[PDB]
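Residues per chain are reported as follows:
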Amino acid sequence: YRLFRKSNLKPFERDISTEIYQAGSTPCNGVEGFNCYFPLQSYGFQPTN
Amino acid sequence: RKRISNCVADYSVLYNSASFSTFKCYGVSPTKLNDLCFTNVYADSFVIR
């Protein structure tokens, strides 16, 4: 699932981008940086849940 | 426990500073923190392993 986005997506919009997300004013160059988080997070689905 | 109230809870000097290591908000976001008004904030400081 996507956790962070630049702005709210319009209805019936699909976002498959994998670029890292920056949560502050500092730039996020390359694939990583300070407080740079991957926008896609997995789901913790278990039968015990 | 210290009570903080009747002031401006600025975070620009807080988040931008790189002297910190881990900083996560499980109920709010720093981006919308500025546009959010709080009644009273308690600061609990302690040193742990």
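The deposited coordinates for this entry were obtained by cryo-EM, with a reported resolution of 2.55 Å.

A.B. asks: What is the right way to read unusual backbone geometry from this model?
C.D. replies: Note: most residues except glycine have negative phi, and most peptide bonds are trans. The phi torsion at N35 of chain A lies on the positive side, around 55 degrees, for a residue other than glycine. Of note, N6 of chain B is a non-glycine position whose phi angle comes to about 60 degrees, a positive value. Inspection of the secondary structure puts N6 of chain B in the loop between strand 1 (2-4) and helix 1 (12-15). Here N6 of chain B falls in the exposed class, since its relative accessible area comes to 77%.

A.B. asks: What should I look at first to understand the interface of chain A and chain B in this one?
C.D. replies: How large an interface is tends to be reported as the accessible area lost when its parts come together. The interface of chain A with chain B comprises six residues on the first partner and five residues on the second. Summed over both sides, the interface between chain A and chain B buries roughly 460 Å², with carbon and sulfur atoms accounting for 44% of that surface. Considering only the side of chain A, the residues that lose the most area to chain B are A23, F34 and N35 of chain A, jointly responsible for 67% of the buried surface there. Summed over the shared surface of chain A and chain B, the result is zero salt bridges. In the side of chain A that touches chain B, the residues fall into three nonpolar, three polar and no charged.

A.B. asks: What's the story with empty space enclosed by the protein in this structure? I'm lost.
C.D. replies: One simple way to see leftover space: roll a probe sized like a water molecule over the atoms. Scanning the model with the defined rule gives one cavity of 30 Å³ or more in all. Roughly 70 Å³ of internal volume is contained in the largest cavity. Lining the largest cavity are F34 and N35 of chain A together with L14, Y15, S17, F20, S21, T22 and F23 of chain B. The residue inventory of the lining of the largest cavity, partitioned by class, reads five nonpolar, four polar and no charged.

A.B. asks: Is there a simple way to think about the packing of aromatic side chains in this case?
C.D. replies: Two numbers describe a pair of aromatic rings. These are the distance of the centres and the angle of the planes. Scanning the model with the defined rule gives six aromatic pairs over all chains in all. Joined through ring pairs, the aromatic side chains of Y1, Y43 and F45 of chain A make up one cluster.

A.B. asks: What is the right way to look at the state of the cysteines in this model?
C.D. replies: Here, the word disulfide means a covalent bond between the sulfur atoms of two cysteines. Throughout the structure, instances matching the rule amount to one disulfide over all chains. Here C28 of chain A engages in a disulfide with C36 of chain A; their sulfurs sit 2.0 Å apart. According to the relative accessible area criterion, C28 of chain A is partly exposed, its value standing at 22%. Residue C36 of chain A is classed as buried on the basis of its relative accessible area, which comes to 7%. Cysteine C25 of chain B is unpaired, with the sulfur of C37 of chain B as its nearest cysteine sulfur at 16 Å.

Rules used in this analysis
- Residues numbered from 1 in each chain as written, not as in the entry; some residues may be left out.
- Chains lettered and ligands numbered in written order.
- Part of a larger assembly, values for the part shown.
- Heavy atoms only, no water.
- Helix = DSSP H or I, 4+ residues; strand = E, 2+ residues; numbered from the N terminus.
- Buried < 20%, exposed > 50% of the residue type's maximum accessible area, 1.4 Å probe, protein only.
- Contact = heavy atoms within 4.5 Å.
- Buried area = accessible area lost by both parts, 1.4 Å probe.
- Salt bridge = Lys/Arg side-chain N within 4 Å of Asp/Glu carboxyl O.
- Nonpolar A, V, L, I, M, F, W, Y, C, P; charged D, E, K, R; others polar.
- 1 Å grid on protein atoms, 1.4 Å probe; cavity = no way out; pocket = protein on both sides within 12 Å on 5 of 7 lines; lining within 4 Å.
- Points joined across faces, edges and corners; volume = space filled by probe spheres on them.
- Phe/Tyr/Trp six-rings, centres within 6.5 Å; stacked < 30°, edge-to-face > 60°.
- Disulfide = S-S within 2.5 Å.

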